[PDB]
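Order of the sequence lines fixes the chain letters, A, B, ..., with proteins taken first and strands second; residue numbering starts at 1 for each chain. All values below were derived from every heavy atom in this structure, side-chain atoms included, with hydrogens, water molecules and symmetry-related copies excluded.
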Amino acid sequence: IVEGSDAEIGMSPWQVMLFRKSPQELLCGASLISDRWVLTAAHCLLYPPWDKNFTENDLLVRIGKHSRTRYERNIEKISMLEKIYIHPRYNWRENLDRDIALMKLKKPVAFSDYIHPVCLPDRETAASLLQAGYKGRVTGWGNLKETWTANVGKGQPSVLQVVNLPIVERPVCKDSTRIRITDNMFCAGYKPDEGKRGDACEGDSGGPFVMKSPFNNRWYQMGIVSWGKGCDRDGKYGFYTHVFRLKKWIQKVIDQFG
Amino acid sequence: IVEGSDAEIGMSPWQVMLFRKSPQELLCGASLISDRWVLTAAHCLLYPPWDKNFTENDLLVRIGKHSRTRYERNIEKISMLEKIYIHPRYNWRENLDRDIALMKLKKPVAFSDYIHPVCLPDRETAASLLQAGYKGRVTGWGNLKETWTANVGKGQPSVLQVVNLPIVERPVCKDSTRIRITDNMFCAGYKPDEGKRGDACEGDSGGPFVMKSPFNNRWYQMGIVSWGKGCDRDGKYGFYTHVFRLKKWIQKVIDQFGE
Amino acid sequence: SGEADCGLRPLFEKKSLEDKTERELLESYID
Amino acid sequence: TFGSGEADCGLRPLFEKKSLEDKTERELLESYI
Ligand SMILES: *[C@H]1O[C@H](CO[C@@H]2O[C@@H](C)[C@@H](O)[C@@H](O)[C@@H]2O)[C@@H](O[C@H]2O[C@H](CO)[C@@H](O[C@@H]3O[C@H](CO[C@H]4O[C@H](CO)[C@@H](O)[C@H](O)[C@@H]4O)[C@@H](O)[C@H](O)[C@@H]3O)[C@H](O)[C@H]2NC(C)=O)[C@H](O)[C@H]1NC(C)=O
Ligand SMILES: *[C@@H]1O[C@H](CO[C@@H]2O[C@@H](C)[C@@H](O)[C@@H](O)[C@@H]2O)[C@@H](O[C@H]2O[C@H](CO)[C@@H](O)[C@H](O)[C@H]2NC(C)=O)[C@H](O)[C@H]1NC(C)=O
């Protein structure tokens, strides 16, 4: 997250950290959508271009965390993965269309002040909140700055970062990329005009794009960070997987394996 | 160059290859504007973001080449550089504004069927040809395909590539990037709903963007590849250093450091 | 399970407290 | 002619000079409107 701020304690209790077992490296972000289900971006698990092809054992999850370094005893929770589900029509060869994935935890996780699932949108909320201009919130541990030059070492956040980004108009961003933006995705980010800066970076992929419904005060996951570009050499807006648009699939998977 | 084609012998006789002296590696593209002056992209010589800071003695230039593999008997010429000149207001930290540099050869190169200088536009030529929709030509030894994944090996063209690209409207260009595009630059490229594909890559930086004047049928160098995004993960259009916009600096240098 | 209570943060919505920037989200709804 | 051969810049020996048109220069000419 570029130009964000430190997340307050328990500000994003659905925040999940995807890890590689060995070597233990933080890979992506993800979100808790129930005691046993975790939502993330498919290309975080499967992306041949970056030699990524992970199986349930290669990965490990960490929930409740707030500091990337310090171990938070009796606050954070580790969890192994039972099964990985990558959307069948996930197109990584072209535009990362349907860049979504579900991961069933081996054992359910206990909720607390630091761990709580986020709601998935329903037709009324998606139609009501998913509009241009409206702002959503993105969170994650990706770099604090540019990562297109050399070295990966610098720029790593010590504590969970957070930033609010406005939803971009479909045509406005289709014109910002030579990439085919499908209906299963939406863009978000400030136009260089607007003073307010802030953006998601690659290391934030799979993390949640949430919005707080003013109708019932509940936080909803409208998207998944599919392609943040705050840390790239260029990139006008970020690409997100339209969650509601793929809910039918999300339910099918859940309503069958747990 | 991505989706281009092989250039014909003598098709771009003003084409110049910029090499690192040691280790010897091809760095950028460049163009011959005189028998002693070579035009290229400033970030080709100086770009801290990528460990690049060369001086006259770190470089070497080859002129008149068509094939990167075979040595071209009695055709190609190899030359050292006496001095290099990077535009004083060159901005590399933000948007490559004024991405232009001149390189003076140690000695004059001899023109031939395969080595000939390209023209520099005047106010009229620029105003007449630099218009959206009008196409220009780009040539270079950049990669032939995607270079955002691993390995640099595959994808290197054996012969000089060429591609014709349409100039893009400024507002349209700004819609595709978050970089502050200045009036000292322009864009070119096809729309993705293309019936025509083809774009310049990072490896083509410094190479020329030429247009043939329909009035006196001479080739003019309207721009310099500043940022080609054809091989990048994304990038709707390329950025070219507006040559006419920077002619005063060009002539100033030439007039002051040349006979 | 957890859906019945999804989207409600223990240290915020449950304690009737707001976070430092959620206000900014609400405001974006009002052009 | 500033060193170069300004008087003759832009005219390729193997094309404009031999009155030969290259494979794709016409595509450029057609774009003028
Ligand atoms: C990239 O280009 C040069 C690189 O020059 C040097 O060699 C390269 C290979 C590398 O080792 C690099 O680190 C070396 O600098 C950069 O040079 C300019 O910046 C440096 C750093 O600020 C300047 O050094 C200063 O010199 C001051 C005066 O002392 C010097 O006086 C003359 C120069 O006028 C030299 O010939 C003397 O040998 C002596 O060192 C010092 O007061 C000051 O403390 C500091 O040491 C250097 O002088 C600059 N070069 C010139 C002459 O312009 C350049 O900055 C860099 N560009 C980038 C990446 O931004
Ligand atoms: C993601 O990996 C799948 C499994 O890869 C195998 O197991 C790895 C741990 C490693 O040893 C690798 O070298 C193995 O190929 C891969 O499936 C392919 O491999 C399986 C197992 O042998 C084979 O049964 C299957 O037919 C292979 N798939 C095909 C049809 O090519 C899978 O393809 C890969 N994901 C993609 C699509 O890149």
For this session: May I ask you to decide whether B:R36 forms a salt bridge with B:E259, counting only side-chain N to carboxylate O separations under 4.0 Å?
Result: no

Problem set entry | Minimal non-hydrogen separation, B:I84 against B:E56, with atom names | N-CG, 3.3 Å

Exercise. Out of curiosity, B:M185 CE to B:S226 OG, how far, rounded to the nearest 0.5 Å?
Worked result: 6.0 Å

For this session: Is it possible for you to check whether B:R62 lies under 6.0 Å from the centre of the six-membered ring of B:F19, through NZ or CZ, and within 45° of that ring's axis?
Result: yes

Exercise. More than 12 foreign heavy atoms under 6.0 Å from NZ of D:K23: is that the case here?
Worked result: no

Exercise. Just by distance, with hydrogens left out, do B:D58 and B:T55 show a side-chain donor and acceptor under 3.5 Å apart?
Worked result: no

For this session: Output yes when A:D175 and B:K236 qualify as a salt bridge under the 4.0 Å nitrogen-oxygen rule, no when they do not.
Result: yes

Exercise. Within 45° of the six-membered ring axis of B:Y190 and under 6.0 Å from that ring's centre, is NZ or CZ of B:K135 located there?
Worked result: no

For this session: Enter the distance from B:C28:SG to B:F54:CZ here, rounded to the nearest 0.5 Å.
Result: 9.0 Å

For this session: May I ask you to decide whether B:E202 forms a salt bridge with A:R233, counting only side-chain N to carboxylate O separations under 4.0 Å?
Result: yes

Problem set entry | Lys/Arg-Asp/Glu bridge criterion (N-O < 4.0 Å) met for D:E27, B:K196 | yes

Exercise. Got a salt bridge between B:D234 and A:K229, using NZ or NE/NH1/NH2 to carboxylate O under 4.0 Å?
Worked result: yes

For this session: Can you see which heavy atom on A:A41 is nearest to which on A:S205, and at what distance?
Result: CB-C, 4.4 Å

Exercise. Knowing that exactly one of A:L45, A:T241, A:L96 qualifies, which makes a side-chain contact (heavy atoms from CB on, under 4.5 Å) with A:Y90?
Worked result: A:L96

Problem set entry | B:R137 side chain vs B:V162 backbone, donor-acceptor pair below 3.5 Å | no

Exercise. Can you tell which of B:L130, B:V210, B:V243 makes a side-chain contact (heavy atoms from CB on, under 4.5 Å) with B:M222?
Worked result: B:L130

For this session: State whether a side-chain donor-acceptor pair under 3.5 Å links B:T182 with B:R98.
Result: no

For this session: Please round to the nearest 0.5 Å and tell me the distance separating atom CD1 of B:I63 and atom CD of B:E76.
Result: 10.5 Å

Exercise. Hey, is the main chain of B:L27 close enough, under 3.5 Å, to the side chain of B:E25 for a donor-acceptor pair?
Worked result: no

Problem set entry | Which atom of B:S128 lies closest to which atom of B:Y134, heavy atoms considered | O-CE2, 3.1 Å

Problem set entry | Flag, side chain of A:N91 to backbone of A:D97, donor-acceptor distance under 3.5 Å | no

Exercise. Considering residues, nucleotides and ligands other than A:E169, do more than 12 of their heavy atoms fall under 6.0 Å from its CD?
Worked result: no

Exercise. Any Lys/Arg nitrogen of B:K65 or B:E72 sitting under 4.0 Å from an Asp/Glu carboxylate oxygen of the other?
Worked result: yes

Exercise. Does the pair B:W37 and B:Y85 meet the rule for a ring pair (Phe, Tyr, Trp, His ring centres under 6.0 Å), with working shown?
Worked result: CA-CA 11 Å; B:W37 295 97; B:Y85 306 94; 5.7 Å; yes

Problem set entry | Euclidean distance, B:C187 SG relative to B:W227 CH2, rounded to 0.5 Å | 11.5 Å

Exercise. Which pair of heavy atoms, one from B:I86 and one from B:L46, lies closest together, and at what distance?
Worked result: CD1-CB, 3.7 Å

Problem set entry | Gap separating the CG atom of D:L28 from the OG atom of B:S213, nearest 0.5 angstrom | 12.0 Å

Problem set entry | Gap between atom CE of B:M103 and atom OG1 of B:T40 - 0.5 Å precision | 4.5 Å

Seminar exercise, completed: Closest non-hydrogen atoms of B:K52 and B:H43, given as atom of the first, atom of the second and distance, are NZ-O, 3.3 Å

Seminar exercise, completed: Nearest heavy-atom contact between B:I1 and B:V138 is CD1-CG1, 3.6 Å

Exercise. If you measure only the distance, is there a donor-acceptor pair under 3.5 Å linking the side chains of D:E25 and B:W219?
Worked result: no

For this session: Determine, for B:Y114 and B:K77, whether the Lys NZ or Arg CZ falls below 6.0 Å from the six-membered ring centre while staying within 45 degrees of the axis.
Result: no

